[PDB]
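Below is one structure, written out as structure tokens; comments come after it.
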Amino acid sequence: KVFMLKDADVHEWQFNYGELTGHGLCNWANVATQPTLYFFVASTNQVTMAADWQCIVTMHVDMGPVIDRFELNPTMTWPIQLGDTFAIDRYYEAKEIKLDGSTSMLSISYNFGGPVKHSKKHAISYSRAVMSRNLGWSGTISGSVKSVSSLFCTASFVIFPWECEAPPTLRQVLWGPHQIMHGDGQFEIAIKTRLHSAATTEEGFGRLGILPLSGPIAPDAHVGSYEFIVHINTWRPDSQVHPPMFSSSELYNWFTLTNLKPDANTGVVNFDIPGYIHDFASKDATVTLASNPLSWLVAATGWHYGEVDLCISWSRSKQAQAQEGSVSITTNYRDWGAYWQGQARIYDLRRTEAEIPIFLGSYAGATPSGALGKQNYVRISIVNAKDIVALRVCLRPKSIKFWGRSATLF
Amino acid sequence: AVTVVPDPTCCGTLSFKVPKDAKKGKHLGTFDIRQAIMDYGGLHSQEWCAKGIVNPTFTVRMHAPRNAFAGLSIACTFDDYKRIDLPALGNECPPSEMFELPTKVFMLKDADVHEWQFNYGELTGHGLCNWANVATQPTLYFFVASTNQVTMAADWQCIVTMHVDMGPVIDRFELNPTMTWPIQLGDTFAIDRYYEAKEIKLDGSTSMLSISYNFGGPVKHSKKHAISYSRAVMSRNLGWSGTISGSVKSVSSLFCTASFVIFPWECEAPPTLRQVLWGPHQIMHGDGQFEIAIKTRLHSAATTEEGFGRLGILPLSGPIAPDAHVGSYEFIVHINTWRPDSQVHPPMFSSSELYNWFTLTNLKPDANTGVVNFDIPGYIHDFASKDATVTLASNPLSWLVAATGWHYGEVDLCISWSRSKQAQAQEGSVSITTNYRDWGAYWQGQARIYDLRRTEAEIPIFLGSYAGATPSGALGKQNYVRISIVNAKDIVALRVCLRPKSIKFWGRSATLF
Amino acid sequence: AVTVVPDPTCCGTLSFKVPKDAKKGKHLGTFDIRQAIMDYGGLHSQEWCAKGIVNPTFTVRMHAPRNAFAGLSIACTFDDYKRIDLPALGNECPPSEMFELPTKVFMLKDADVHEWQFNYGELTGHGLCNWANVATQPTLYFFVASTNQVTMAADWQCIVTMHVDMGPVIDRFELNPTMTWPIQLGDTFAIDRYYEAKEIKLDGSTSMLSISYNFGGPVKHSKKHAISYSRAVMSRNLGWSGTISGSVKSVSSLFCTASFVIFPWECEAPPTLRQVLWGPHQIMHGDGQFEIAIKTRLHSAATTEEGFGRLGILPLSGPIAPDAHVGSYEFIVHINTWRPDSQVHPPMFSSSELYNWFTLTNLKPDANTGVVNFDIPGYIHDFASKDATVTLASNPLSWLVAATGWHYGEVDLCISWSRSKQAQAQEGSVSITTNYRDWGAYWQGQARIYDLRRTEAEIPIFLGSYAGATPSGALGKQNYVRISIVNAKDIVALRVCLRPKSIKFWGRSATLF
């Protein structure tokens with residue numbers, strides 16, 4: 001919310017706690033979710049005001065009728081199915097142009113795919129996860145610019161598709177597509193590269209150019225650069241195809257545990273894989289976690305419920321003749337008792353077992369004891385110098401549902 | 001719905017740094033229409049070549065952010081022939097306004113709208129073609145026309161983008177003439193002229209005056225004198241009467257506001273706002289348009305002479321600006337079109353079109369034959385040779401010729417010369433012949449003894465230039481073999497009276513001297 | 001009615017000196033479609049930039065006077081990817097014909113008509129855009145394809161002018177695929193191929209032979225071997241049957257004339273013109289078109305194998321030329337389209353689409369861990385690493401991939417590997433994982449002990465390249481951690497069998513080796 005921007009109150013946001021959270025809201029405060037709003041300065045070149053001004057925020061609701069479900073319609077289903085316009089709803093940090101030579105502003109677009117590193121952290125957001133499935137994208141982005149800067153400072157710039165370092169010539173910028181902006185405004189630009197499409201995970205494969213046209217003109221008394229906030233909105237896909245990330249089949253590596261530390265006595269290690277998809281990690285082995293669009297969408301989303309098949313696979317050490325032992329996989333319910341379904345394996349060293357993500361569908365610490373799934377892994381074998389890389393876990397999404405557009409900063 | 005789209009109308013580009021300490025007449029930069037049209041891309045450049053001759057309707061765009069706190073105004077001027085820097089060196093101003101000129105104020109609603117749209121043909125009167133000739137060259141000069149601006153924080157970059165509409169190929173080079181000899185005024189004549197920045201400061205400044213009503217003859221603007229198309233066209237009669245339509249535009253930053261009244265005047269100060277309020281008036285509060293009636297002690301105003309009527313600008317409510325603001329109130333007045341009245345006014349000399357060109361005295365005949373030969377070209381120009389003492393005259397014909405780019409048509413040189421000695425001792429002969437290429441057989445001619453006056457129809461050069469009649473295809477040259485012992489015989493040998501049979505003039509321009 | 005008019009369709013230009021002593025494969029010059037399109041004017045160059053991606057229908061024009069006495073023919077070839085000079089150094093010929101190629105004979109009615117019209121899209125299958133990528137580059141090579149020409153009086157200058165029809169902006173980069181995996185032939189397949197200059201000289205020359213009917217596999221043309229789109233597409237079945245349509249064109253000067261008969265053959269010389277006349281035949285007298293039926297001892301002809309049918313050209317009436325004429329009769333045969341027959345022919349190996357890619361033996365595991373890791377990319381290519389002894393296979397899939405510019409689609413790598421030692425002593429493990437960017441967490445994977453065979457669906461790179469999968473956006477790479485003491489254990493570790501699930505191919509090209 002920029003100030004100069006026509007408003008002394010109009011600074012208002014209207015959203016549906018449901019369209020964004022995907023789960024309604026009730027009086028009794030649970031623990032999996034908590035609606036809090038953070039207000040912060042997003043501008044850089046402001047003026048030192050005469051005094052610390054008080055500011056008041058007033059909220060208004062439209063409760064609406066009582067909803068009979070807690071979880072509303074899922075915000076996504078497993079095969080990420082894009083429509084005609086996907087909402088890559090993202091604002092871009094304050095860009096600046098100062099009278100003193102500043103060239104080619106760049107909203108290095110076209111790498112909306114994978115996780116990013118923002119100085120203080122890394123980030124996987126709903127958008128990024130949803131667009132990380134294929135090697136590259138093609139289409140048209142619709143967004144808008146908004147000048148932050150005070151009326152003492154004015155400037156103008158041109159928007160144009162680019163890919164390399166500086167289109168030195170305004171004659172190059174003018175020859176091809178362009179949009180000379182004079183501050184605020186909306187723009188729908190077509191992605192353009194040396195082979196049409198742009199990359200998703202990879203950068204330097206296309207970019208959005210902001211060449212300053214008519215330098216910042218402000219009275220000498222004015223200090224501070226020209227500043228504007230770019231906002232990416234929705235992208236209409238193109239039509240040319242792009243390959244998926246790994247293959248077509250939905251099968252993604254979860255974790256792979258090495259160096260199992262079996263108890264001193266029985267030399268047996270038991271691992272318990274929960275029921276909520278999460279960064280698995282135990283202390284009786286060396287867990288190595290993988291990353292793929294499934295892992296991202298899970299971490300960039302609030303709730304997930306549905307069924308998957310844990311595709312297990314493990315290997316023994318010794319020469320064929322000396323190898324010995326056995327493993328036992330069983331889908332359990334409450335902590336070590338009789339509740340379950342199970343089987344044993346000798347030199348059948350690979351298994352798959354349908355199992356399903358927790359009571360309603362959380363992301364971690366599966367809210368209650370009503371957190372099924374837990375498959376124990378009694379590697380009855382002298383696990384020790386036997387399990388090369390004991391189980392590898394490949395989760396194959398049978399068809400999950402995702403609720404809540406969010407991120408996870410790490 | 002893609003918004004980022006290419007711009008096919010674009011023709012060329014230019015960019016210049018406006019200094020933060022830019023002052024008045026500073027030359028920001030020029031813009032060679034030709035060079036840019038081709039230095040830039042091939043769409044319109046190839047079409048430039050393919051079509052050959054066209055009549056482009058250019059629309060230049062000066063992108064400069066609309067800052068309302070910098071009291072700046074950048075003016076643009078179109079010169080297809082007559083404006084050298086070196087003499088006005090660097091700077092320039094009212095002499096600049098003597099051509100074409102859109103003054104572009106910043107605060108003035110626009111961050112790009114700073115754009116001018118003209119037809120290179122309506123103003124130049126001759127179309128334009130790819131192959132660069134030498135008689136004309138389309139260049140644009142951009143300069144600061146404001147005085148009380150703010151020192152900006154830094155020298156801001158400024159970009160100008162031009163756009164054309166080549167139009168179809170024209171079959172003529174010279175289009176319709178911009179004027180014919182008997183200056184025939186209609187219902188509205190375009191005295192298209194801007195007036196240097198007027199100022200009003202809180203500290204007592206009284207009666208601003210656009211000493212109008214002397215739009216007639218040549219004027220002196222400090223650095224030079226000037227005869228512009230308008231002035232020439234209005235210099236024909238002793239006085240004018242009617243109504244002027246113009247407009248005011250505040251240059252000054254939003255920190256400074258004021259208001260003034262416009263009223264017809266003639267003398268020194270209408271001390272009383274009660275006098276200003278009693279009669280016609282228009283209280284302006286900054287920008288605005290105004291159509292005022294000329295008013296004097298005998299209704300009409302003079303053309304060549306000043307102090308015979310005037311446009312008054314009495315400051316009403318003093319300039320109110322915060323103390324932090326330095327700088328006077330500043331506004332640029334722009335005269336536009338005048339609707340003639342109905343009351344008559346006498347022509348300048350008489351009714352008949354006959355104007356003195358030059359009169360040569362002290363002929364210096366060659367040492368031996370004692371014969372002097374003068375060659376009067378074919379283009380009307382400031383004649384001057386080195387074998388006599390040429391004294392040049394001035395009249396509306398001489399002005400309109402000098403304030404216009406091209407002229408073609410026929411005139412009769414009315415020659416007249418006199419001998420010295422007493423009637424009995426006078427001796428000699430003169431010979432006038434209309435020639436073509438340099439001293440050969442091409443011509444038409446006659447001899448004169450004591451027939452001391454002649455007239456010979458002769459016509460202004462190949463298509464119609466103003467000087468150095470473009471090629472050898474520059475006819476006319478009448479030799480003046482004053483076969484006589486010219487010496488102590490020709491009192492004032494020929495006097496040349498050109499009588500415009502019906503000439504045509506092309507191109508609205510000036511000539512600064 | 002003005003005839004001298006500009007030519008807006010013109011795109012660019014090129015000129016080269018044809019030597020008077022020019023001989024066969026001599027490279028006259030190249031023509032970079034891109035560079036010219038922009039080195040030349042801005043009409044189509046600006047439009048190149050503004051439109052971005054288009055599908056140009058080019059029509060090149062080689063202006064060369066129609067001299068009927070110089071027995072010359074200049075051929076043109078279109079290469080958007082695969083043809084280096086340095087190896088064929090300077091000269092070139094049948095390996096050249098392995099792309100696109102219009103041979104232009106002079107005597108052949110034309111002094112300009114030497115022009116080729118193609119759609120950069122129908123042949124390249126991917127549109128074209130202003131920004132130069134690296135996977136493809138449109139350049140044209142012009143070369144002499146004639147042998148018995150006349151030594152001209154001097155090295156004549158020759159100019160080539162190109163013309164475009166940019167067309168509207170295309171929204172896709174990759175247009176419709178030029179082929180899908182199961183090679184599906186229609187009613188007429190375009191075996192678009194020219195055949196090196198055949199000659200007949202008065203001095204006894206018998207049975208010319210366009211050993212047709214071995215259009216199947218790769219061929220060896222003296223300087224190189226070659227797999228072209230056609231060959232690949234026809235290499236799938238053991239033999240073919242149908243009718244070929246083609247044409248002959250005399251190169252030779254008007255001083256030399258001859259006539260020949262075309263007839264189906266298979267063995268060595270149909271000695272009898274009485275044999276040639278008894279059966280099907282077509283007495284040609286120079287130029288002309290011919291559609292002939294394939295004929296052998298069992299009807300069909302072989303695809304990969306030669307000596308199973310052939311096209312016969314028996315000289316009928318010997319070359320009659322004045323004694324002053326030196327040089328044989330020369331003509332260029334051009335195979336065009338073949339209409340399939342109806343009788344069946346077996347596929348190459350079996351019906352199921354499963355083709356051996358490579359088989360690696362002698363893995364060289366690191367000195368310490370004794371583990372070898374192989375990374376099979378995502379683009380089908382001649383796999384070869386330095387930690388094993390890679391042995392590459394050949395099959396219609398390998399050919400069509402190498403004779404085509406782009407390929408995108410999914411395949412299953414059918415892996416299989418074996419251990420050495422007696423059953424009891426065998427030890428180790430292997431791990432296959434489909435990865436993305438260089439050794440990190442991105443992937444999908446599994447481990448194997450004495451499960452010694454695997455299959456994993458994986459898909460060919462970002463949009464679909466042939467090698468060095470344009471970006472890091474080159475998925476697929478399956479690592480092969482043969483955790484085992486690879487050494488004296490992996491007999492022939494993995495064998496890779498790629499099974500085309502359904503790929504798509506773009507661009508008709510060859511690969512000379």
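By convention in this document, the chains of the structure tokens carry letters A, B, ... by their order, each chain's residues are numbered from 1, and ligands are numbered from 1 in the order they are shown.
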### Task
Considering only C-alpha atoms, return as a VMD selection string whatever protein or nucleic-acid residues lie within 6 Å of residue 510 of chain C, sequence-local ones (same chain, fewer than 4 positions apart) excluded.
chain C and resid 227 to 228 403
Using only C-alpha atoms, what table do you get, as a Markdown table, when you list each residue of chain A with an atom no more than 6 Å from chain B, its nearest pair of atoms, and their distance in Å rounded to one decimal, rows by chain then rising number?
| residue | atom | partner | partner_atom | distance |
| --- | --- | --- | --- | --- |
| A:154 | CA | B:65 | CA | 5.5 |
| A:155 | CA | B:65 | CA | 5.2 |
| A:176 | CA | B:6 | CA | 5.0 |
| A:177 | CA | B:6 | CA | 3.8 |
| A:178 | CA | B:4 | CA | 4.5 |
| A:179 | CA | B:4 | CA | 4.9 |
| A:187 | CA | B:3 | CA | 5.5 |
| A:188 | CA | B:2 | CA | 4.7 |
| A:189 | CA | B:2 | CA | 5.4 |
| A:214 | CA | B:158 | CA | 4.8 |
| A:215 | CA | B:157 | CA | 4.6 |
| A:217 | CA | B:156 | CA | 5.7 |
| A:218 | CA | B:152 | CA | 5.7 |
| A:219 | CA | B:152 | CA | 4.2 |
| A:220 | CA | B:153 | CA | 3.5 |
Please save N, CA, C and O atoms of the selected residues as a short mmCIF file (atom, residue, chain, number, x, y, z; two decimals), in the first residue's frame.
data_model
loop_
_atom_site.label_atom_id
_atom_site.label_comp_id
_atom_site.auth_asym_id
_atom_site.auth_seq_id
_atom_site.Cartn_x
_atom_site.Cartn_y
_atom_site.Cartn_z
N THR A 154 10.13 12.66 -10.39
CA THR A 154 9.42 12.02 -11.50
C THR A 154 10.42 11.41 -12.47
O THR A 154 11.56 11.84 -12.52
N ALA A 155 9.98 10.41 -13.21
CA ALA A 155 10.83 9.73 -14.18
C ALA A 155 9.96 8.94 -15.13
O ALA A 155 8.73 8.96 -15.01
N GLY A 176 11.79 -3.20 -31.43
CA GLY A 176 10.92 -4.29 -31.03
C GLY A 176 9.83 -3.86 -30.07
O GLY A 176 9.63 -2.67 -29.84
N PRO A 177 9.09 -4.82 -29.49
CA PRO A 177 8.00 -4.55 -28.55
C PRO A 177 8.50 -3.75 -27.36
O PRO A 177 9.64 -3.93 -26.93
N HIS A 178 7.65 -2.87 -26.84
CA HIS A 178 8.02 -2.02 -25.71
C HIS A 178 6.80 -1.27 -25.20
O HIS A 178 5.80 -1.14 -25.89
N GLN A 179 6.93 -0.71 -23.99
CA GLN A 179 5.85 0.05 -23.37
C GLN A 179 6.46 1.13 -22.48
O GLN A 179 6.93 0.83 -21.39
N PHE A 187 0.60 -3.78 -17.31
CA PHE A 187 1.27 -4.26 -18.50
C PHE A 187 1.12 -5.77 -18.64
O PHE A 187 1.20 -6.48 -17.65
N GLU A 188 0.83 -6.24 -19.84
CA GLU A 188 0.74 -7.67 -20.12
C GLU A 188 1.81 -7.86 -21.19
O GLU A 188 1.67 -7.34 -22.29
N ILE A 189 2.88 -8.56 -20.84
CA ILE A 189 3.99 -8.78 -21.76
C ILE A 189 4.12 -10.23 -22.16
O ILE A 189 3.76 -11.13 -21.40
N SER A 214 13.61 8.62 -19.57
CA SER A 214 13.89 10.01 -19.26
C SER A 214 14.26 10.15 -17.79
O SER A 214 13.41 10.07 -16.91
N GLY A 215 15.56 10.34 -17.55
CA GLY A 215 16.13 10.45 -16.22
C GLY A 215 15.33 11.14 -15.14
O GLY A 215 14.52 12.02 -15.44
N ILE A 217 13.95 13.56 -12.71
CA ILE A 217 13.99 15.00 -12.57
C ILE A 217 13.30 15.39 -11.27
O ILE A 217 12.09 15.16 -11.11
N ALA A 218 14.08 15.88 -10.32
CA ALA A 218 13.58 16.30 -9.01
C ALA A 218 14.35 17.53 -8.55
O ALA A 218 15.54 17.64 -8.83
N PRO A 219 13.70 18.46 -7.85
CA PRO A 219 14.38 19.67 -7.38
C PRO A 219 15.59 19.22 -6.60
O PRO A 219 15.61 18.12 -6.06
N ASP A 220 16.60 20.08 -6.52
CA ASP A 220 17.83 19.74 -5.81
C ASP A 220 17.58 19.40 -4.35
O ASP A 220 18.30 18.61 -3.74
#
### Message
as a PyMOL selection string, please: the residues near residue 465 of chain B (cut-off 8 Å, only C-alpha atoms, same-chain neighbours under 2 positions excluded).
### Response
chain B and resi 135+379+405-408+460-463+467-470
How would the residues just picked look written out with N, CA and C atoms as a PDB file, in the first residue's frame?
ATOM      1  N   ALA B 135      19.742  23.573 -50.815  1.00  0.00           N
ATOM      2  CA  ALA B 135      18.947  24.763 -50.551  1.00  0.00           C
ATOM      3  C   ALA B 135      18.188  24.675 -49.219  1.00  0.00           C
ATOM      4  N   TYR B 379      17.637  35.612 -59.139  1.00  0.00           N
ATOM      5  CA  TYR B 379      17.032  35.368 -57.844  1.00  0.00           C
ATOM      6  C   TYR B 379      17.004  36.711 -57.130  1.00  0.00           C
ATOM      7  N   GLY B 405      11.372  30.904 -47.938  1.00  0.00           N
ATOM      8  CA  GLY B 405      12.366  30.009 -48.504  1.00  0.00           C
ATOM      9  C   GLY B 405      12.588  29.976 -50.005  1.00  0.00           C
ATOM     10  N   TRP B 406      11.509  29.877 -50.766  1.00  0.00           N
ATOM     11  CA  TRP B 406      11.601  29.797 -52.215  1.00  0.00           C
ATOM     12  C   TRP B 406      10.709  30.846 -52.868  1.00  0.00           C
ATOM     13  N   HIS B 407      11.089  31.326 -54.046  1.00  0.00           N
ATOM     14  CA  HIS B 407      10.257  32.277 -54.786  1.00  0.00           C
ATOM     15  C   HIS B 407      10.514  32.107 -56.273  1.00  0.00           C
ATOM     16  N   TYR B 408       9.436  32.026 -57.044  1.00  0.00           N
ATOM     17  CA  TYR B 408       9.498  31.819 -58.486  1.00  0.00           C
ATOM     18  C   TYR B 408       8.369  32.617 -59.116  1.00  0.00           C
ATOM     19  N   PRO B 460      12.781  34.703 -62.342  1.00  0.00           N
ATOM     20  CA  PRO B 460      13.428  33.981 -61.247  1.00  0.00           C
ATOM     21  C   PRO B 460      13.597  32.456 -61.320  1.00  0.00           C
ATOM     22  N   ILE B 461      14.879  32.101 -61.491  1.00  0.00           N
ATOM     23  CA  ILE B 461      15.480  30.747 -61.638  1.00  0.00           C
ATOM     24  C   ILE B 461      14.802  29.375 -61.585  1.00  0.00           C
ATOM     25  N   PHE B 462      15.590  28.389 -62.037  1.00  0.00           N
ATOM     26  CA  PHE B 462      15.236  26.979 -62.137  1.00  0.00           C
ATOM     27  C   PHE B 462      14.497  26.546 -60.878  1.00  0.00           C
ATOM     28  N   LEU B 463      13.158  26.417 -61.017  1.00  0.00           N
ATOM     29  CA  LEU B 463      12.164  26.045 -59.961  1.00  0.00           C
ATOM     30  C   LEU B 463      11.870  27.229 -59.033  1.00  0.00           C
ATOM     31  N   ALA B 467      18.877  32.471 -53.516  1.00  0.00           N
ATOM     32  CA  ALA B 467      20.216  32.966 -53.764  1.00  0.00           C
ATOM     33  C   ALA B 467      20.999  31.877 -54.499  1.00  0.00           C
ATOM     34  N   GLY B 468      22.225  32.204 -54.922  1.00  0.00           N
ATOM     35  CA  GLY B 468      23.094  31.271 -55.635  1.00  0.00           C
ATOM     36  C   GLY B 468      22.314  30.268 -56.447  1.00  0.00           C
ATOM     37  N   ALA B 469      21.321  30.804 -57.164  1.00  0.00           N
ATOM     38  CA  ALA B 469      20.373  30.073 -58.016  1.00  0.00           C
ATOM     39  C   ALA B 469      20.838  28.688 -58.360  1.00  0.00           C
ATOM     40  N   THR B 470      20.764  27.829 -57.352  1.00  0.00           N
ATOM     41  CA  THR B 470      21.158  26.446 -57.434  1.00  0.00           C
ATOM     42  C   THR B 470      22.085  26.022 -58.607  1.00  0.00           C
TER      43      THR B 470
END
#### Entry: Shell of 10 Å around residue 325 of chain A, only C-alpha atoms, local chain residues under 6 positions omitted, as a count of residues only
12
### For residue 21 of chain A: contacts at 7 Å, only C-alpha atoms, fewer than 2 positions along chain excluded, given as a ChimeraX atom specification
/A:17-19,23,403-405
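Restricting the calculation to only C-alpha atoms, the smallest distance between residue 429 of chain C and any of C:372, C:277, C:211, C:36 is found for C:372.
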### Query
Looking at only C-alpha atoms, which of B:425, B:248, B:512, B:53 is the one that sits closest to residue 173 of chain B?
B:53
Residue 415 of chain C environment, 6 Å, only C-alpha atoms, sequence neighbours closer than 5 positions dropped, as a compact mmCIF listing (two decimals) with C-alpha atoms, in the first residue's frame:
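So around34.txt came out as:
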# COMPACT_ATOMS: atom_id res chain seq x y z
CA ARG C 453 17.57 -55.47 -14.84
CA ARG C 454 15.51 -52.29 -14.70
CA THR C 455 13.37 -50.00 -16.77
CA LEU C 494 24.32 -52.22 -18.19
CA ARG C 495 23.15 -52.66 -21.72
CA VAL C 496 20.75 -49.91 -22.65
If you run DSSP on the backbone here, which positions in segment 197-445 of chain B get helix (DSSP H, G or I)? Please write them as a short mmCIF file (atom, residue, chain, number, x, y, z; two decimals) with C-alpha atoms, in the first residue's frame.
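The new file result-v8.cif reads:
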data_model
loop_
_atom_site.label_atom_id
_atom_site.label_comp_id
_atom_site.auth_asym_id
_atom_site.auth_seq_id
_atom_site.Cartn_x
_atom_site.Cartn_y
_atom_site.Cartn_z
CA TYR B 229 6.92 35.54 -42.69
CA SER B 230 4.24 37.09 -40.50
CA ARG B 231 5.93 40.49 -40.23
CA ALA B 232 6.52 40.60 -43.96
CA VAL B 233 2.91 39.65 -44.72
CA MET B 234 1.58 42.35 -42.36
CA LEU B 273 -7.72 48.90 -11.51
CA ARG B 274 -10.93 50.98 -11.60
CA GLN B 275 -9.97 52.01 -15.12
CA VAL B 276 -9.00 48.42 -15.93
CA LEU B 277 -12.30 47.18 -14.48
CA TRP B 278 -14.48 49.86 -16.05
CA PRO B 396 7.35 44.62 -48.30
CA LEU B 397 8.62 42.79 -51.41
CA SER B 398 12.18 42.70 -50.04
CA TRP B 399 10.88 41.45 -46.71
CA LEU B 400 8.60 38.72 -47.94
CA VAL B 401 11.45 37.49 -50.17
CA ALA B 402 13.88 37.35 -47.27
#
### Task
Give me, please, the distance in Å between atom CA of residue 29 of chain A and atom CA of residue 124 of chain A, quoted to one decimal.
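Taking atom CA of residue 29 of chain A and atom CA of residue 124 of chain A, their separation equals 26.8 Å.
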### Pick from C:345, C:34, C:325, C:51, whichever lies nearest to chain B using only C-alpha atoms
C:51
